[PDB]
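Encoded as structure tokens, the structure appears first; notes follow it.
2 protein chains.
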Amino acid sequence: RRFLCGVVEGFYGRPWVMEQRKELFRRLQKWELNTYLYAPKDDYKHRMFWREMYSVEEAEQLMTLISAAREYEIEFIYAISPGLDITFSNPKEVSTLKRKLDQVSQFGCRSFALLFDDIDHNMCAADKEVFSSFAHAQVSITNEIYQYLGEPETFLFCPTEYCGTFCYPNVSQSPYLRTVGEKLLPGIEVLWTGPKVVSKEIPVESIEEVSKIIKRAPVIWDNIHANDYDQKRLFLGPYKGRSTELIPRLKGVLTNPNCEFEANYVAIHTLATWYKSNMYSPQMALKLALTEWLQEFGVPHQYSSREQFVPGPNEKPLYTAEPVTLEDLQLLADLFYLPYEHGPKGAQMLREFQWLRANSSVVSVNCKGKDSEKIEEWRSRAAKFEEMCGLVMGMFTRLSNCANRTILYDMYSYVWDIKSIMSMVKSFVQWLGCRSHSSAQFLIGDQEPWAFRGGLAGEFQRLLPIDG
Amino acid sequence: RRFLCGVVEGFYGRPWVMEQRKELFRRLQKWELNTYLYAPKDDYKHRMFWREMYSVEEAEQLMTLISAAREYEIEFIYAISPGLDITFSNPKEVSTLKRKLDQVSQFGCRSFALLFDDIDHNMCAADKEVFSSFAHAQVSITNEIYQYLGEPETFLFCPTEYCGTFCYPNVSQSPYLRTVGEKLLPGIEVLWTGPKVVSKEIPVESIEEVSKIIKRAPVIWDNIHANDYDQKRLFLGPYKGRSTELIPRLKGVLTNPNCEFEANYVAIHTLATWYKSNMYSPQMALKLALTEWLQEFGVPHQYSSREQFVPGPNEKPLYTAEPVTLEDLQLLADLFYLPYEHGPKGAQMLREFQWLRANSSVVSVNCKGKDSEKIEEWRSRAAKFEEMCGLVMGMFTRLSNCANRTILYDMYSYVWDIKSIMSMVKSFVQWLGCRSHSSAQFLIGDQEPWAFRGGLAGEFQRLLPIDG
Numbered sequence: 058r059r060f061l062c063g064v065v066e067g068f069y070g071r072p073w074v075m076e077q078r079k080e081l082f083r084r085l086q087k088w089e090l091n092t093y094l095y096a097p098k099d100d101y102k103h104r105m106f107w108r109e110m111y112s113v114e115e116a117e118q119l120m121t122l123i124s125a126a127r128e129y130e131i132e133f134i135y136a137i138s139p140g141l142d143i144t145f146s147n148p149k150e151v152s153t154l155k156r157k158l159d160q161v162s163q164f165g166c167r168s169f170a171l172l173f174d175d176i177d178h179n180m181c182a183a184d185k186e187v188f189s190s191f192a193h194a195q196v197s198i199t200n201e202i203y204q205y206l207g208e209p210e211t212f213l214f215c216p217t218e219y220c221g222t223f224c225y226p227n228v229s230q231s232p233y234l235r236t237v238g239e240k241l242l243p244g245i246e247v248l249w250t251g252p253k254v255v256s257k258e259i260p261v262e263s264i265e266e267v268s269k270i271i272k273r274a275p276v277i278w279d280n281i282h283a284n285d286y287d288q289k290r291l292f293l294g295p296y297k298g299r300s301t302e303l304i305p306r307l308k309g310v311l312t313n314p315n316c317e318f319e320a321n322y323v324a325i326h327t328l329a330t331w332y333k334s335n336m374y375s376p377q378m379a380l381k382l383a384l385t386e387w388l389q390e391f392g393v394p395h396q397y398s399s400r536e537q538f539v540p541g542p543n544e545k546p547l548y549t550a551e552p553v554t555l556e557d558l559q560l561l562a563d564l565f566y567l568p569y570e571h572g573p574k575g576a577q578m579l580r581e582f583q584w585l586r587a588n589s590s591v592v593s594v595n596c597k598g599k600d601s602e603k604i605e606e607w608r609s610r611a612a613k614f615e616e617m618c619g620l621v622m623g624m625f626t627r628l629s630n631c632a633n634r635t636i637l638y639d640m641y642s643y644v645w646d647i648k649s650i651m652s653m654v655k656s657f658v659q660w661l662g663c664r665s666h667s668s669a670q671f672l673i674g675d676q677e678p679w680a681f682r683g684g685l686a687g688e689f690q691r692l693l694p695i696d697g
Numbered sequence: 058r059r060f061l062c063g064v065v066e067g068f069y070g071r072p073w074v075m076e077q078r079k080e081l082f083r084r085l086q087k088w089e090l091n092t093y094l095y096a097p098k099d100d101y102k103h104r105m106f107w108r109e110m111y112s113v114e115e116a117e118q119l120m121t122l123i124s125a126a127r128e129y130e131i132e133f134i135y136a137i138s139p140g141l142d143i144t145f146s147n148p149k150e151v152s153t154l155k156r157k158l159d160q161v162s163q164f165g166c167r168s169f170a171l172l173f174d175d176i177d178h179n180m181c182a183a184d185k186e187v188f189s190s191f192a193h194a195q196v197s198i199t200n201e202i203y204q205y206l207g208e209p210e211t212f213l214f215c216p217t218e219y220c221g222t223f224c225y226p227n228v229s230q231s232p233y234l235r236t237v238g239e240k241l242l243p244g245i246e247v248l249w250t251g252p253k254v255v256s257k258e259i260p261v262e263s264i265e266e267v268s269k270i271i272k273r274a275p276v277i278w279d280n281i282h283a284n285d286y287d288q289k290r291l292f293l294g295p296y297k298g299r300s301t302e303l304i305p306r307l308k309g310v311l312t313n314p315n316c317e318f319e320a321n322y323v324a325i326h327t328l329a330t331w332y333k334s335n336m374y375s376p377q378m379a380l381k382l383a384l385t386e387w388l389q390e391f392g393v394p395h396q397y398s399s400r536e537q538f539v540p541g542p543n544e545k546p547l548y549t550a551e552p553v554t555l556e557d558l559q560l561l562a563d564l565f566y567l568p569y570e571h572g573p574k575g576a577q578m579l580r581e582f583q584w585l586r587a588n589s590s591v592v593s594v595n596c597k598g599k600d601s602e603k604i605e606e607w608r609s610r611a612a613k614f615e616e617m618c619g620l621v622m623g624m625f626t627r628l629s630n631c632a633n634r635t636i637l638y639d640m641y642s643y644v645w646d647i648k649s650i651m652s653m654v655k656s657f658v659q660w661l662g663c664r665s666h667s668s669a670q671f672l673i674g675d676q677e678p679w680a681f682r683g684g685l686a687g688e689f690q691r692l693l694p695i696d697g
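First to last, the sequence lines map onto chains A and B. Read left to right, the first sequence gives residues 58 to 336, 374 to 400, 536 to 697 (PDB author numbering). Read left to right, the second sequence gives residues 58 to 336, 374 to 400, 536 to 697 (PDB author numbering).
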């Protein structure tokens with residue numbers, strides 16, 4: 058039995074380059090994965106201008122990538138998304154799609170996919186006179202393409218209603234999915250993403266409900282680590298929340314990685330472990383992933399003596550950089566954990582800070598003669614919070630000195646922002662702790678840099694509704 | 058009389074590459090600027106490991122860069138910041154610095170600078186037994202280095218107190234500045250940044266006060282567009298707040314650009330205009383800068399129809550991209566304008582949104598039976614806000630289609646975040662406007678996604694007290 062496991066390059070943003078993709082292939086082979094799907098959202102010749110043909114230089118790029126994929130025995134799937142403006146009743150459109158796919162095949166590509174995600178539900182007047190339904194036209198054109206291509210072993214189709222939230226009135230009773238299942242040829246595999254676009258968890262019953270319609274096992278398009286619906290968020294947590302009992306009931310798992318190329322080591326490693334387990375413990379998987387990931391940070395750059538000055542007792546020490554530790558990586562993971570939850574350490578820090586803020590007025594000003602136990606407890610908790618903030622700042626400082634700065638420079642902004650905000654919060658906590666003998670306003674320097682926050686974004690965020 | 062005017066690469070983060078620097082040189086020659094200072098913070102052979110010698114490949118890159126600068130007649134100044142760990146009473150340190158500067162000189166470099174910014178104020182026991190003061194040691198080593206190099210025409214020195222807020226107890230009475238001014242050789246220029254590290258405006262009298270101490274006209278290191286103290290901020294607004302009367306009283310103006318290479322175009326252009334006026375109106379300077387900048391966006395990519538399909542009356546229209554226009558760039562500028570103020574249009578949008586939020590109760594619940602004038606006013610203002618949000622979204626959509634995508638790709642994240650938050654605000658405003666007849670929760674999809682806006686950094690930011 059064959060099974061699909063791999064990655065889908067289908068995020069919005071600056072697309073990855075050839076070197077990154079080759080390194081990705083090497084990692085995929087190391088981790089015993091087998092599938093790469095190429096459907097970048099911002100490739101003009103993929104979605105927006107699919108009708109155009111590739112040039113000689115683009116042809117060389119594609120041929121090099123496909124040959125590299127063949128070297129590492131990783132299946133390469135090329136996708137097309139003509140749903141933006143294709144007319145189904147015009148033979149010229151079908152011929153153009155056939156010619157495009159033939160140009161792709163000429164390079165040596167083997168597997169092809171057609172996507173109709175994120176388009177409208179309407180058709181032109183011409184198609185109304187031919188097809189009874191939108192699904193009818195989609196299925197007819199997909200079947201024609203599949204027959205033309207020679208019935209390859211692998212072929213992927215994404216229904217417009219790729220999630221339950223987009224099915225009306227429900228998954229079981231949707232006429233679109235019923236028509237698809239009735240009229241789609243048996244040789245095509247169907248993509249699905251779960252109850253929601255970003256599914257927090259996937260119960261088996263929903264997958265069975267989908268199977269009862271599509272008459273085949275689906276292929277999971279998991280956006281558990283996608284970050285193109287709010288690009289301020291980075292996700293480094295392990296693959297979590299999907300039950301392994303789905304493995305016999307699925308044709309394959311394909312993961313959407315983070316837009317930043319070097320931030321997807323942990324997610325892909327955890328996915329590989331998750332699949333390999335049952336041909374599972376999210377905490378153990380994360381621990382193993384970080385243990386393996388630490389090896390690629392190397393050592394911090396150090397002065398190389400490979536006649537050198539050596540200081541004495543009265544001379545300033547030479548600058549030295551500490552190595553990056555496992556604890557730093559764990560803390561970094563907890564700071565950027567999951568789309569629907571934080572890590573244990575980040576959540577605990579947030580709760581502790583909220584508690585400290587809540588009871589600041591208990592002992593802040595002129596608290597002599599009050600309960601000493603409250604004063605000591607508040608001071609101790611504040612000190613522990615200070616230690617946590619110092620740990621975060623030290624993590625950033627140590628990561629800054631890594632010799633292999635490629636890892637950091639692809640995620641520099643997020644870590645720098647989180648360490649800056651931790652520093653600001655530490656200053657705020659100190660000012661709260663000094664109220665009884667200092668009446669000065671909370672200030673960093675002589676002013677309030679936090680008032681500006683993130684400019685317009687932050688000022689608009691400040692006005693959004695909250696639970697409290 | 059020679060005058061220094063140009064750019065300093067002295068921000069933290071991922072450093073610029075050779076291609077970007079060459080393009081910068083071409084632009085500088087076009088805009089009639091004459092100075093480039095090279096002191097990237099995160100260059101390991103610049104600051105943290107200054108004692109090491111450049112390798113052959115690095116030497117070739119430096120020679121190519123210097124020759125390119127020679128082609129464009131742009132003065133190139135190379136800086137070193139040995140103050141991190143250098144010992145002043147040990148001749149080995151001085152010899153190493155001399156050898157390093159001589160290696161730099163053999164590449165063809167002509168101008169050199171020594172920086173002692175962002176260091177400690179303490180001294181080792183070895184130096185305290187020799188020099189009377191910290192400033193004494195700094196000035197002595199700088200003077201010896203200056204005399205060894207052959208007294209170049211241009212030489213820059215950055216004191217440790219580079220801003221008024223770092224002067225103790227004040228500017229005029231600072232012993233450090235007095236000692237530096239007395240003991241520094243007359244042939245060296247002195248960097249200064251104004252009252253604060255990020256000075257909002259520069260009163261004329263402050264410069265005269267500083268000159269009364271340093272006994273020489275300073276060279277301005279302006280961080281008006283620096284964004285490495287909170288890297289969520291992007292600054293695209295014009296050069297503002299610096300009176301032209303400073304020009305006769307200054308020896309040069311050097312700007313710190315944004316970390317993103319392509320985001321500084323407007324800034325640099327404005328600076329040139331500000332200089333070229335008095336060898374000034376911020377509004378006109380910005381208009382000219384954006385008019386010149388628009389030419390680099392070219393035209394959006396379009397279908398190439400050089536047997537070509539042409540749709541009929543009842544066929545779905547082809548995907549067509551609209552060009553990027555002046556209004557889109559002005560709106561973008563106002564969205565990311567200045568450290569201490571927003572653009573007029575963004576500030577007005579924020580004020581209008583705040584007013585609408587404040588007066589939600591006028592029509593939120595059971596609006597029928599209430600005063601008509603208030604209802605009409607609130608609805609009209611809401612409609613105008615909706616139109617402005619739509620303008621923002623159209624700006625993002627049109628910017629996404631540029632053929633020369635690089636201009637967008639270096640600042641993709643900021644525009645993407647602002648357009649996402651504008652969309653969320655539009656949805657929230659609609660929900661507020663439809664409450665009288667729709668009692669459903671103000672949800673997006675089935676949830677409130679802004680509960681995870683900004684992740685842990687956003688959550689920590691949200692709890693910082695402000696006056697407004």
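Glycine is no exception: its CB is placed at the ideal position from the N, C-alpha and C atoms.
Item to check | Supposed contact pair A:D557 and A:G575 - C-beta distance, whole angstroms, cut 8 Å | outcome: If you number the first sequence from 1, residue 575 of chain A lands on position 346. If you number the first sequence from 1, residue 557 of chain A lands on position 328. Not confirmed; about 14 Å, so no contact.
Item to check | Separation of B:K87 from B:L561, as counted between CA atoms | outcome: Taking the first residue of the second sequence as position 1, residue 561 of chain B is located at position 332. Taking the first residue of the second sequence as position 1, residue 87 of chain B is located at position 30. Rounded to whole angstroms, B:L561 to B:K87 spans 25 Å at the Cα level.
Item to check | Check whether A:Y205 and A:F212 have beta carbons under 7 Å apart | outcome: Looking up residue 205 of chain A in the first sequence gives position 148. Looking up residue 212 of chain A in the first sequence gives position 155. In this structure, A:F212 does not lie closer than 7 Å to A:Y205 by Cβ.
Item to check | Of the residues B:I131, B:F164, B:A611, B:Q77, the one placed nearest B:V113, counting alpha carbons only | outcome: Your numbering for residue 113 of chain B matches position 56 in the second sequence. Nearest option by C-alpha distance: B:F164.
Checklist entry - Residue range of the beta strand (DSSP E) that A:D563 falls in? => result On the first sequence, position 334 is the one that residue 563 of chain A refers to. A:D563 -> not in any beta strand (DSSP E); alpha helix (DSSP H) instead, spanning 555–564.
Checklist entry - How should B:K333 be labelled, buried or exposed, when 16 other C-beta atoms within 10 angstroms of its C-beta is the threshold for buried? => result As a position in the second sequence, residue 333 of chain B is number 276, starting the count at 1. When all chains shown are included, B:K333 counts as exposed.
Next on the checklist: Quick check: what's the CA-CA separation for A:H103 versus B:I650?
Outcome noted: Within the first sequence, the letter at position 46 stands for residue 103 of chain A. Within the second sequence, the letter at position 421 stands for residue 650 of chain B. Straight-line Cα distance between these residues: approximately 28 Å.
Next on the checklist: Between A:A686 and chain B, is any beta-carbon pair separated by less than 7 Å?
Outcome noted: In the first sequence, the residue the question calls residue 686 of chain A occupies position 457. Answer yes: the Cβ-Cβ gap between A:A686 and chain B drops below 7 Å somewhere.
Next on the checklist: Strictly below 8 Å CB to CB, what residues from chain A border B:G575?
Outcome noted: Locating residue 575 of chain B in the second sequence gives position 346, where the first residue counts as 1. At a C-beta separation below 8 Å, B:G575 has these neighbours in chain A: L685.
Checklist entry - Candidates A:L579, A:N335, A:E606: which alpha carbon is nearest B:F689's? => result Here residue 689 of chain B is taken as the residue at index 460 of the second sequence, counted from 1. Restricting attention to A:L579, A:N335, A:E606, the CA atom closest to the CA of B:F689 is found in A:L579.
Checklist entry - In chain D, what lies closer than 7 Å to B:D646 by C-beta? => result Absent from the structure: chain D. Protein chains present are A and B.
Next on the checklist: Any beta carbon from chain B within less than 7 Å of A:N284's own beta carbon?
Outcome noted: Within the first sequence, numbered from 1, the residue matching residue 284 of chain A stands at position 227. By this cut-off, A:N284 is not an interface position.
Item to check | Under 7 Å between C-beta atoms of A:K257 and A:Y569 | outcome: Within the first sequence, residue 257 of chain A is the residue found at index 200, counting from 1. Within the first sequence, residue 569 of chain A is the residue found at index 340, counting from 1. A contact, by the Cβ cut-off of 7 Å.
Item to check | 8 Å Cβ cut-off: residues of chain B touching A:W679 | outcome: Within the first sequence, residue 679 of chain A is the residue found at index 450, counting from 1. Simply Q690, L693, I695.
Checklist entry - Residues bridged to B:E132 by DSSP? => result The residue labelled residue 132 of chain B in the question sits at position 75 within the second sequence. B:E132 pairs with B:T92.
Checklist entry - Who are the neighbours of A:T144 on chain B, taking C-beta pairs under 8 Å? => result Here residue 144 of chain A refers to the residue found at position 87 when the first sequence is read from its first residue. Ordered by position in chain B, the residues that pass the 8 Å Cβ test against A:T144 are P540, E544, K545.
Checklist entry - Does A:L234 have its Cβ less than 7 Å from a Cβ in chain B? => result On the first sequence, residue 234 of chain A is found 177 positions in, with the first residue counted as 1. No, because no Cβ of chain B sits closer than 7 Å to the Cβ of A:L234.
Checklist entry - Should A:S138 be labelled buried (16 or more other beta-carbon atoms within 10 Å of its own) or exposed? => result Here residue 138 of chain A refers to the residue found at position 81 of the first sequence. A:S138 is buried by the Cβ-count criterion.
Checklist entry - Quick one, which of B:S399, B:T554, B:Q559, B:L555 has its alpha-carbon nearest B:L547's? => result Numbered from 1 along the second sequence, position 318 holds the residue referred to as residue 547 of chain B. The candidate whose alpha carbon is nearest that of B:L547 is B:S399.
Item to check | B:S168 classed as buried or exposed, judged by whether at least 16 other C-beta atoms fall within 10 angstroms | outcome: Numbered from its first residue, the second sequence carries residue 168 of chain B at position 111. Burial call: buried.
Checklist entry - From B:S375 to B:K297, what does the alpha carbon distance come to, in whole angstroms? => result Numbered from its first residue, the second sequence carries residue 375 of chain B at position 281. Numbered from its first residue, the second sequence carries residue 297 of chain B at position 240. About 9 Å.
Checklist entry - Is the distance from the Cβ of B:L85 to the Cβ of B:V276 below 7 Å? => result The count along the second sequence starts at 1 and reaches residue 85 of chain B at position 28. The count along the second sequence starts at 1 and reaches residue 276 of chain B at position 219. Between B:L85 and B:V276, the gap from beta carbon to beta carbon reaches 7 Å or more.
Checklist entry - Would you call B:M640 buried or exposed, if buried means 16 or more other Cβ atoms sit within 10 Å of its Cβ? => result Working through the second sequence from its first residue, we reach residue 640 of chain B at position 411. So B:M640 counts as buried.
Checklist entry - According to the Cβ coordinates, are A:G238 and A:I264 closer than 7 Å? => result Stepping through the first sequence from its first residue, residue 238 of chain A is reached at position 181. Stepping through the first sequence from its first residue, residue 264 of chain A is reached at position 207. No, the pair does not count as a contact, with Cβ atoms beyond the cut-off.
Checklist entry - Less than 7 Å separating the beta-carbons of B:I636 and B:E319? => result Counting from 1 along the second sequence, the entry for residue 636 of chain B is found at position 407. Counting from 1 along the second sequence, the entry for residue 319 of chain B is found at position 262. Cβ atoms of B:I636 and B:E319: closer than 7 Å.
Next on the checklist: Between A:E109 and chain B, is any beta-carbon pair separated by less than 7 Å?
Outcome noted: Walking along the first sequence from the start, residue 109 of chain A turns up at place 52. Chain B contact via Cβ: present.
Item to check | Selection of the region 552–576 of chain A by Cβ proximity to chain B, strictly under 8 Å | outcome: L564, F565, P568, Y569, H571, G575
Item to check | B:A669 versus A:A324 - alpha carbon distance | outcome: Mapped onto the second sequence, residue 669 of chain B falls at position 440. Mapped onto the first sequence, residue 324 of chain A falls at position 267. When rounded, the distance between both Cα atoms is 37 Å.
Checklist entry - Buried or exposed: B:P314, going by 16 or more other Cβ atoms within 10 Å of its Cβ? => result Indexing the second sequence from 1 puts residue 314 of chain B at position 257. By the 10 Å Cβ count, B:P314 comes out buried.
Checklist entry - Cβ of A:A96 less than 7 Å from any chain B Cβ? => result Your numbering for residue 96 of chain A matches position 39 in the first sequence. Not an interface residue.
Checklist entry - What is the C-beta distance between A:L384 and A:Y643, in whole angstroms, given that I count them as a contact (C-beta under 8 Å)? => result Taking the first sequence and counting its residues from 1, one reaches residue 384 of chain A at position 290. Taking the first sequence and counting its residues from 1, one reaches residue 643 of chain A at position 414. Actually they do not touch by this definition, with Cβ atoms about 17 Å apart.
Checklist entry - CA-CA distance, A:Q160 and A:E150? => result Locating residue 160 of chain A in the first sequence gives position 103, counting from the first residue. Locating residue 150 of chain A in the first sequence gives position 93, counting from the first residue. Distance between the alpha carbons of A:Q160 and A:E150 is about 15 Å.
Item to check | Under 8 Å by beta carbon: chain A residues contacting B:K149 | outcome: Counting from one through the second sequence, the residue named residue 149 of chain B turns up at place 92. Correct list: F538.
Checklist entry - Considering only residues of the same chain and omitting the five flanking positions on each side of A:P573, which have a CB-CB separation below 8 Å? => result Numbered from 1 along the first sequence, position 344 holds the residue referred to as residue 573 of chain A. Contacts found: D563.
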